[PDB]
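Asks: Sharing a structure with you now.
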Amino acid sequence: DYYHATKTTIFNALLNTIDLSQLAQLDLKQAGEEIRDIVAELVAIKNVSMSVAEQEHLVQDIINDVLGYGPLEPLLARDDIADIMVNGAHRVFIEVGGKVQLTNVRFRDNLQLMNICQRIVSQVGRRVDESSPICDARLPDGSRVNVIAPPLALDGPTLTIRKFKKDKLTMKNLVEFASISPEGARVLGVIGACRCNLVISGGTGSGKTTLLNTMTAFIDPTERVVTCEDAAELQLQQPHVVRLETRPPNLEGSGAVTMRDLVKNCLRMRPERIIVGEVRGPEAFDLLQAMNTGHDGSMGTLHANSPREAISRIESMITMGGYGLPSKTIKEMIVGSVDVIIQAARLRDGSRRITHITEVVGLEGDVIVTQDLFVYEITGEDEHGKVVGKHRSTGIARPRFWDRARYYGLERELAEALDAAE
Amino acid sequence: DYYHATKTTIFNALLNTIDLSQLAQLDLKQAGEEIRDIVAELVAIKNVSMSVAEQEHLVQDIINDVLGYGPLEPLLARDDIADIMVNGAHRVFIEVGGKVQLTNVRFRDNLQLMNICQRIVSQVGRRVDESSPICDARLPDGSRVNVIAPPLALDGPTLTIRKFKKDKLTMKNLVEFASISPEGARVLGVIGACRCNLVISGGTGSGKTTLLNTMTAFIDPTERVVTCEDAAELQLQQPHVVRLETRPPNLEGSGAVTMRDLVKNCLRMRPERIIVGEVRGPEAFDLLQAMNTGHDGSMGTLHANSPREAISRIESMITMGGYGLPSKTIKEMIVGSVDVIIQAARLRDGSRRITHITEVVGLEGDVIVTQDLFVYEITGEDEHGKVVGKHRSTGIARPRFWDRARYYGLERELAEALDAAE
Amino acid sequence: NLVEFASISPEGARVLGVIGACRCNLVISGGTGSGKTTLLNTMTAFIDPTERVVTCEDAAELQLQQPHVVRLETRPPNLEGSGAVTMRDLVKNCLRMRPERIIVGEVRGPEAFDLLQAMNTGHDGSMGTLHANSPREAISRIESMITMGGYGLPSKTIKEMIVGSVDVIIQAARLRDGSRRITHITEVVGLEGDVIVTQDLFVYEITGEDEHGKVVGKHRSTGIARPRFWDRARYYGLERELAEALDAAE
Ligand SMILES: Nc1ncnc2c1ncn2[C@@H]1O[C@H](COP(=O)(O)OP(=O)(O)OP(=O)(O)O)[C@@H](O)[C@H]1O
Ligand SMILES: Nc1ncnc2c1ncn2[C@@H]1O[C@H](COP(=O)(O)OP(=O)(O)O)[C@@H](O)[C@H]1O
Ligand SMILES: Nc1ncnc2c1ncn2[C@@H]1O[C@H](COP(=O)(O)OP(=O)(O)O)[C@@H](O)[C@H]1O
Ligand SMILES: [Mg+2]
Ligand SMILES: [Mg+2]
Ligand SMILES: [Mg+2]
């Protein structure tokens, strides 16, 4: 259509007609209004039979390309979308109703896509380029974006976006999805109420954050919880909750406040619980402190595929913190601090389930001893292809945290659930 | 030679007529359009007897030396040659028909060759010199260039070009070469379509990558595929494929993006199948994770002579990377993740055979149990062939992956091929 | 010349030729001055001329006869501690030059690991020189070097890798009277636990000294009918020579 040619011609000229440094210092509406005059002037020269609505659409497209996120803006806005995949300048896919399908949109050039990705990542403050070719981030709106640079992606820089979900799941939803048997839900309720230190371990996309949210839903409302995340993904209904959020290095690369700083400050604002949005770095150390140095009941979420692996990664993180503690000391601290290690994993069929509810019970010489209260045994593959399994207790009638249950009167509930779940 | 002598005489005058640095000052991508006239106009400026037929060849050679890649040009241009290899200004070998062969072509001097290689690599943007004698790059043409500088290669500058084979063997070709019997071909087809996890073991140059490509040929077009190759070798026809390639560490030991660093990201961009060009280290772990963390149907390739060798080697690779997982856990992960292992070997006769198609069923005593389905049996040795060509199905009705085959509706072909294998 | 100096019996020479042609991952071992470099050069003289061989030598010593050899030499940290192209980097690059055999001049440290990978990952027929007094001591040194590489490799993993990659070890020693002899031709046979089991196809046995003080000894075979690498010989049709040599040794 003549509209596309007119837009291309106007763009090829307005670049040298409007100074970028002037619009760069204005909000989206201000920049669009300023560029409206430039678009009108361009239309005046070599004018075409374009309607006012066509001019407005062209101005919106110019704003999206120069300042927005290019041909994605029409799609990103749409709510029907679940995921957006690009994997090349000339191809873009969308997930609708659980089915991926091609789209009619595309970028002018893979360099346009590259700079669009750079803009999107910069919105979080990270950098993607030939020296830093891979960038994963979670946007403030909550959607996740992963981009990879040409030096690795032979087909040009590749981009993927997964849009933030409006509604979170609750323990009832997990029970109905069979991610955890109802007795497992009861035991989780006991563990959450009884202020047992929690490390929800899992793998990528394995539902860790959802478990953390559902568990924190069990906290006594009176307690002063201090959420601490890299992004605003936790929603707590408790009345007294303080939500923090780290800030990464920006521009020159200063003003950053890492998770460790936030936790170390949390220690000095008398929080009943600390709920770390995710543990990746030395903060684990400062988190493990205040799991036992008061603030009992703090929770964290961690990326590991097995409770043994989770403990190993905690030890590795603490060691990398530079505190130079002996490995024996680190193991002792872990044993003394961590009480429960829930593990959420995704199975072959794609469903997500809580494979282990492990409980750290002691340190034997060199190895931490872990006794599992709930374990998920996979029977096999159903007729329909969906993996099928059953949760079962280990028969423990008095887990380590039993004492804490006695503190809150939940001893009977725990005893009932433990034996009834087998 | 008369032609070479005349060309050298003409070039001696041309270099003065058009300064050597003059072309560099001009746009090298289009400066040749000028020098071509200089040689064309008043051809034989030295008044050297020649003919138009030979004059055209002389002018083309002069242009190639001045602008092109000199004597290397036909080699690159010709399609018959897969690999070019230069050990110095004197000796240059090519690869054709699967065999190496010396060639009559040679360069005038080491400085000429060094300039040629510097130009060829710089076209990608990298630089090779005494400061950085080593150099590795991938050209836009789909080729890999490795260059070593004289300060290291005592014989002189060393160069190796590995071109991307345009035509990969189709499955019909493999059937024709008796590599796999038609029943084996159908079993492979069902396995590929049935979204079974593959590990294509093979011997040195036993055709692993070609087998992997012909296997990918079976993927449903709608499924997202994220190809992660050490070196671009695969060629997929699916509409929705994504190609990734690692980067070796710079000579300073920086900028490296190892395989695991790629597959870990592959986990995060919603793939349907992850395909690893060659699993050769701790990256295997991550792949196996993605093998069972959903994404079922991923296919990686490994170097080994027997399926048992391949699986033991995979355990070894997993235990690297400092992950420190128990061997029992590694075996459990492997049995739960991998489904089918295919072993292909190059026989003494010079041909290649898909020697094994086997299935993993479990440990049954901490020793992974491999149940072969298709075996290549050598009834004996031909006096001059030493090859028989017998592919036999072990029977074994209802292989472990039978249920998935039924789910996808390929049960008919699986039964028809596994049975009536001969 | 080596046969003339009785350093190896003709049967030993034939077995060595079999190993060289049969693409067995060799590791020449021997004390300093044992001529191990000379032995390595002679062994390379047996490689098939078509095969492409890349020579990564810390200092130029080898002189191959084949027509398709690429010679490489390391660099010291000339640039004030920088610019050091260590042997390990050279081998890592050689892995990307599609060579048939990688002939390391001498293995002194981390470069061993990658070399082993070369043997395990396609480049069969690779060779190398190691400074050692006994084949077992040589294997221990190789494991130690791999560990020194800094890779977080459990000792069991390194032992298994050595088992699966190496195929032959040749021991060359300078004897008391200043002569050179080849003492052992062993073949790593597997990891049967926490220790690497080893076979010995060819051995040298001393008996005493002559009237002039010269040590007296002779070579013999262990009678192993089929060495581990026997299958490789089948690949290149070297069964007959291997059997004949291992049988005629005694
Ligand atoms: N048990 C479950 N059943 C069904 N859907 C689930 C279940 N658990 C999680 N989900 C869905 O899967 C996604 C879970 O993502 P979640 O935020 O938990 O990931 P994460 O572990 O925080 O991720 P990452 O490790 O990549 O940062 C959401 O879409 C959630 O709706
Ligand atoms: N089954 C086969 N029969 C005949 N030739 C084959 C077969 N498989 C591979 N080849 C040839 O061997 C060459 C190497 O194959 P490829 O798999 O790319 O390397 P590698 O064997 O090292 O993985 C290819 O160019 C191909 O033509
Ligand atoms: N079998 C042998 N008999 C006699 N002299 C030998 C023998 N092997 C090596 N030499 C002599 O030893 C010298 C150095 O040996 P060399 O290969 O440098 O050992 P290394 O590599 O351990 O230093 C050579 O110059 C050679 O003349
Ligand atoms: Mg999360
Ligand atoms: Mg290959
Ligand atoms: Mg020496």
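Residues in the structure tokens are numbered from 1 in each chain, the chains being A, B, ... in the order shown, and ligands are numbered from 1 in the order shown.
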Quote the C-alpha RMSD, in Å to one decimal, that results from superposing chain B on chain A by least squares across all C-alpha atoms in order.

Replies: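 RMSD over all C-alpha atoms: 4.4 Å.
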
Asks: Show me, as JSON, numbers by chain, the residues that have an atom within 6 Å of range 271-277 of chain A when counting only C-alpha atoms, minus same-chain residues fewer than 6 positions from it.

Replies: {"A": [223, 224, 225, 226, 227, 228, 229, 295, 297, 298, 299, 300]}

Asks: If you run DSSP over the backbone, which residues in range 140-384 of chain B end up strand (DSSP E)? Put them as a PyMOL selection string.

Replies: chain B and resi 143-148+158-163+198-202+225-229+241-245+273-276+299-303+340-346+352-362+369-377

Asks: At a cut-off of 6 Å and counting only C-alpha atoms and all ligand atoms, what residues surround ligand 1? Please answer as a list in words.

Replies: residues 174, 177, 179, 204, 205, 206, 207, 208, 209, 210, 352 and 353 of chain A

Asks: Would you save the residues of that selection, restricted to N, CA, C and O atoms, as a PDB file, in the first residue's frame?

Replies:
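Saved file part_24.pdb follows:
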ATOM      1  N   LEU A 174      -2.905 -25.349  43.134  1.00  0.00           N
ATOM      2  CA  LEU A 174      -1.853 -26.356  43.096  1.00  0.00           C
ATOM      3  C   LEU A 174      -2.398 -27.723  43.471  1.00  0.00           C
ATOM      4  O   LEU A 174      -2.029 -28.736  42.865  1.00  0.00           O
ATOM      5  N   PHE A 177      -4.330 -29.025  40.497  1.00  0.00           N
ATOM      6  CA  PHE A 177      -3.409 -29.438  39.448  1.00  0.00           C
ATOM      7  C   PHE A 177      -2.577 -30.641  39.841  1.00  0.00           C
ATOM      8  O   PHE A 177      -1.727 -31.061  39.053  1.00  0.00           O
ATOM      9  N   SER A 179      -0.177 -30.758  41.691  1.00  0.00           N
ATOM     10  CA  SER A 179       1.206 -30.411  41.983  1.00  0.00           C
ATOM     11  C   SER A 179       1.579 -30.808  43.400  1.00  0.00           C
ATOM     12  O   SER A 179       2.764 -30.967  43.711  1.00  0.00           O
ATOM     13  N   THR A 204      14.598 -23.722  36.344  1.00  0.00           N
ATOM     14  CA  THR A 204      14.063 -22.597  35.597  1.00  0.00           C
ATOM     15  C   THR A 204      12.613 -22.847  35.215  1.00  0.00           C
ATOM     16  O   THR A 204      12.247 -23.936  34.773  1.00  0.00           O
ATOM     17  N   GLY A 205      11.784 -21.826  35.396  1.00  0.00           N
ATOM     18  CA  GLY A 205      10.381 -21.942  35.046  1.00  0.00           C
ATOM     19  C   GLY A 205       9.670 -23.054  35.777  1.00  0.00           C
ATOM     20  O   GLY A 205       8.612 -23.508  35.330  1.00  0.00           O
ATOM     21  N   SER A 206      10.212 -23.494  36.908  1.00  0.00           N
ATOM     22  CA  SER A 206       9.680 -24.638  37.626  1.00  0.00           C
ATOM     23  C   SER A 206       8.655 -24.249  38.676  1.00  0.00           C
ATOM     24  O   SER A 206       8.233 -25.104  39.457  1.00  0.00           O
ATOM     25  N   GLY A 207       8.247 -22.988  38.720  1.00  0.00           N
ATOM     26  CA  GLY A 207       7.207 -22.572  39.634  1.00  0.00           C
ATOM     27  C   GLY A 207       7.680 -22.129  40.997  1.00  0.00           C
ATOM     28  O   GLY A 207       6.862 -22.051  41.920  1.00  0.00           O
ATOM     29  N   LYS A 208       8.968 -21.827  41.158  1.00  0.00           N
ATOM     30  CA  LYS A 208       9.478 -21.461  42.473  1.00  0.00           C
ATOM     31  C   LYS A 208       8.750 -20.244  43.023  1.00  0.00           C
ATOM     32  O   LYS A 208       8.220 -20.274  44.138  1.00  0.00           O
ATOM     33  N   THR A 209       8.694 -19.166  42.243  1.00  0.00           N
ATOM     34  CA  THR A 209       8.093 -17.937  42.744  1.00  0.00           C
ATOM     35  C   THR A 209       6.636 -18.151  43.118  1.00  0.00           C
ATOM     36  O   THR A 209       6.144 -17.560  44.083  1.00  0.00           O
ATOM     37  N   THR A 210       5.920 -18.978  42.360  1.00  0.00           N
ATOM     38  CA  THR A 210       4.532 -19.241  42.708  1.00  0.00           C
ATOM     39  C   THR A 210       4.430 -19.934  44.058  1.00  0.00           C
ATOM     40  O   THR A 210       3.560 -19.601  44.872  1.00  0.00           O
ATOM     41  N   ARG A 352       4.195 -28.995  36.208  1.00  0.00           N
ATOM     42  CA  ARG A 352       5.059 -28.648  37.326  1.00  0.00           C
ATOM     43  C   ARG A 352       4.536 -29.287  38.601  1.00  0.00           C
ATOM     44  O   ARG A 352       3.329 -29.289  38.853  1.00  0.00           O
ATOM     45  N   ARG A 353       5.449 -29.825  39.404  1.00  0.00           N
ATOM     46  CA  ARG A 353       5.069 -30.548  40.606  1.00  0.00           C
ATOM     47  C   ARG A 353       6.141 -30.364  41.667  1.00  0.00           C
ATOM     48  O   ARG A 353       7.298 -30.070  41.361  1.00  0.00           O
TER      49      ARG A 353
END

Asks: Skipping near chain neighbours, those fewer than 4 positions away, what residues fall within 9 Å of residue 234 in chain C using only C-alpha atoms, listed as number ranges by chain?

Replies: B: 348; C: 22, 230, 238-239

Asks: Could you list, as a ChimeraX atom specification, all residues that come within 10 Å of ligand 2? Count only C-alpha atoms and all ligand atoms.

Replies: /B:82,96-98,164-165,167-171,173-180,200-214,233-234,277-278,301-303,344-346,350-354 /C:121-122

Asks: Keeping only N, CA and C atoms, take the residues you just selected and write them out as a compact mmCIF listing (two decimals), in the first residue's frame.

Replies:
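Wrote result-v8.txt, looks like this:
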# COMPACT_ATOMS: atom_id res chain seq x y z
N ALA B 82 35.59 -28.78 -0.33
CA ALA B 82 34.98 -28.50 0.96
C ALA B 82 35.94 -27.76 1.87
N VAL B 96 38.60 -32.98 -1.45
CA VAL B 96 37.59 -33.26 -2.46
C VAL B 96 37.24 -34.74 -2.38
N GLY B 97 35.96 -35.05 -2.54
CA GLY B 97 35.52 -36.43 -2.50
C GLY B 97 35.91 -37.15 -1.23
N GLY B 98 35.99 -36.43 -0.11
CA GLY B 98 36.37 -37.04 1.14
C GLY B 98 37.84 -37.34 1.29
N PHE B 164 30.87 -24.60 4.37
CA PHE B 164 29.61 -25.23 4.77
C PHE B 164 29.08 -26.04 3.59
N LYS B 165 29.05 -27.36 3.74
CA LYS B 165 28.57 -28.22 2.67
C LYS B 165 27.12 -27.89 2.36
N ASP B 167 24.99 -29.34 0.30
CA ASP B 167 24.12 -30.50 0.13
C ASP B 167 24.46 -31.55 1.18
N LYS B 168 23.60 -31.67 2.18
CA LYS B 168 23.73 -32.72 3.17
C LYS B 168 22.98 -33.96 2.70
N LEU B 169 23.50 -35.13 3.08
CA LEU B 169 22.88 -36.38 2.68
C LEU B 169 21.46 -36.46 3.21
N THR B 170 20.53 -36.84 2.34
CA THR B 170 19.17 -37.12 2.78
C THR B 170 19.08 -38.55 3.31
N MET B 171 17.97 -38.85 3.98
CA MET B 171 17.79 -40.19 4.53
C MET B 171 17.80 -41.23 3.42
N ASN B 173 19.57 -41.18 0.85
CA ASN B 173 20.96 -41.46 0.56
C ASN B 173 21.52 -42.48 1.53
N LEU B 174 21.24 -42.32 2.82
CA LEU B 174 21.75 -43.26 3.80
C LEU B 174 21.21 -44.66 3.56
N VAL B 175 19.94 -44.75 3.17
CA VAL B 175 19.39 -46.06 2.82
C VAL B 175 20.12 -46.63 1.61
N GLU B 176 20.40 -45.79 0.62
CA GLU B 176 21.06 -46.25 -0.60
C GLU B 176 22.45 -46.79 -0.30
N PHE B 177 23.19 -46.12 0.56
CA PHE B 177 24.52 -46.57 0.92
C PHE B 177 24.49 -47.75 1.84
N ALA B 178 23.36 -48.42 2.02
CA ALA B 178 23.24 -49.58 2.89
C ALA B 178 23.58 -49.25 4.33
N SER B 179 23.71 -47.97 4.66
CA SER B 179 24.04 -47.59 6.02
C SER B 179 22.94 -48.02 6.98
N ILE B 180 21.69 -47.83 6.59
CA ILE B 180 20.54 -48.22 7.40
C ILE B 180 19.51 -48.87 6.49
N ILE B 200 22.98 -39.21 19.56
CA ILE B 200 23.55 -39.86 18.39
C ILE B 200 25.04 -40.08 18.61
N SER B 201 25.39 -41.20 19.23
CA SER B 201 26.79 -41.54 19.38
C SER B 201 27.39 -41.93 18.03
N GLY B 202 28.69 -41.73 17.90
CA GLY B 202 29.36 -42.09 16.66
C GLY B 202 30.85 -42.11 16.84
N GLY B 203 31.52 -42.76 15.89
CA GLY B 203 32.96 -42.81 15.87
C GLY B 203 33.56 -41.64 15.13
N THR B 204 34.89 -41.58 15.16
CA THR B 204 35.62 -40.51 14.49
C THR B 204 35.15 -40.38 13.05
N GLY B 205 34.59 -39.22 12.73
CA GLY B 205 34.11 -39.00 11.37
C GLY B 205 33.08 -40.01 10.92
N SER B 206 32.38 -40.64 11.85
CA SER B 206 31.41 -41.67 11.51
C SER B 206 30.08 -41.10 11.02
N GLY B 207 30.04 -39.82 10.67
CA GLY B 207 28.83 -39.23 10.12
C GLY B 207 27.83 -38.76 11.14
N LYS B 208 28.26 -38.47 12.36
CA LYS B 208 27.31 -38.09 13.41
C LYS B 208 26.45 -36.91 12.97
N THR B 209 27.08 -35.84 12.49
CA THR B 209 26.33 -34.64 12.16
C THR B 209 25.35 -34.89 11.02
N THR B 210 25.76 -35.66 10.02
CA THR B 210 24.84 -35.95 8.92
C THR B 210 23.64 -36.74 9.43
N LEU B 211 23.88 -37.72 10.30
CA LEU B 211 22.78 -38.46 10.88
C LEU B 211 21.87 -37.54 11.67
N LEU B 212 22.45 -36.62 12.43
CA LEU B 212 21.64 -35.70 13.21
C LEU B 212 20.78 -34.83 12.30
N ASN B 213 21.34 -34.37 11.19
CA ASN B 213 20.57 -33.54 10.28
C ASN B 213 19.41 -34.32 9.68
N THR B 214 19.69 -35.53 9.19
CA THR B 214 18.61 -36.32 8.62
C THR B 214 17.58 -36.69 9.68
N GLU B 233 27.09 -26.72 11.35
CA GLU B 233 27.15 -27.86 10.45
C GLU B 233 25.76 -28.31 10.02
N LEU B 234 24.77 -28.13 10.90
CA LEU B 234 23.43 -28.60 10.62
C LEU B 234 22.72 -27.67 9.65
N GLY B 277 24.76 -29.32 18.73
CA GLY B 277 25.59 -29.78 17.63
C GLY B 277 26.62 -30.80 18.05
N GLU B 278 27.18 -30.65 19.24
CA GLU B 278 28.11 -31.64 19.77
C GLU B 278 28.24 -31.42 21.26
N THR B 301 24.46 -34.96 20.03
CA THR B 301 25.35 -35.94 19.43
C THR B 301 26.66 -36.00 20.20
N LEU B 302 27.22 -37.20 20.28
CA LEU B 302 28.38 -37.46 21.12
C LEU B 302 29.36 -38.33 20.35
N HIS B 303 30.62 -38.29 20.77
CA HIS B 303 31.66 -39.11 20.17
C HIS B 303 31.89 -40.34 21.04
N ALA B 344 26.62 -44.86 15.27
CA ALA B 344 27.01 -45.00 13.88
C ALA B 344 28.53 -45.05 13.79
N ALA B 345 29.04 -45.96 12.97
CA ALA B 345 30.48 -46.18 12.87
C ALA B 345 30.91 -46.21 11.41
N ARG B 346 32.16 -45.81 11.19
CA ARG B 346 32.81 -45.92 9.88
C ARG B 346 33.64 -47.19 9.87
N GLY B 350 35.70 -48.50 4.58
CA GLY B 350 35.61 -47.11 4.17
C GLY B 350 34.20 -46.56 4.16
N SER B 351 33.19 -47.40 4.30
CA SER B 351 31.81 -46.95 4.36
C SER B 351 31.39 -46.72 5.81
N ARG B 352 30.16 -46.26 5.99
CA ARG B 352 29.61 -45.98 7.31
C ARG B 352 28.32 -46.76 7.50
N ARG B 353 28.08 -47.17 8.75
CA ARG B 353 26.92 -47.97 9.08
C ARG B 353 26.31 -47.46 10.38
N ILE B 354 24.98 -47.37 10.41
CA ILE B 354 24.27 -47.12 11.65
C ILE B 354 24.30 -48.44 12.42
N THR C 121 38.70 -37.40 21.20
CA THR C 121 37.67 -36.74 20.40
C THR C 121 38.03 -36.71 18.92
N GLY C 122 38.55 -37.80 18.38
CA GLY C 122 38.64 -37.93 16.94
C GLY C 122 40.05 -38.04 16.41
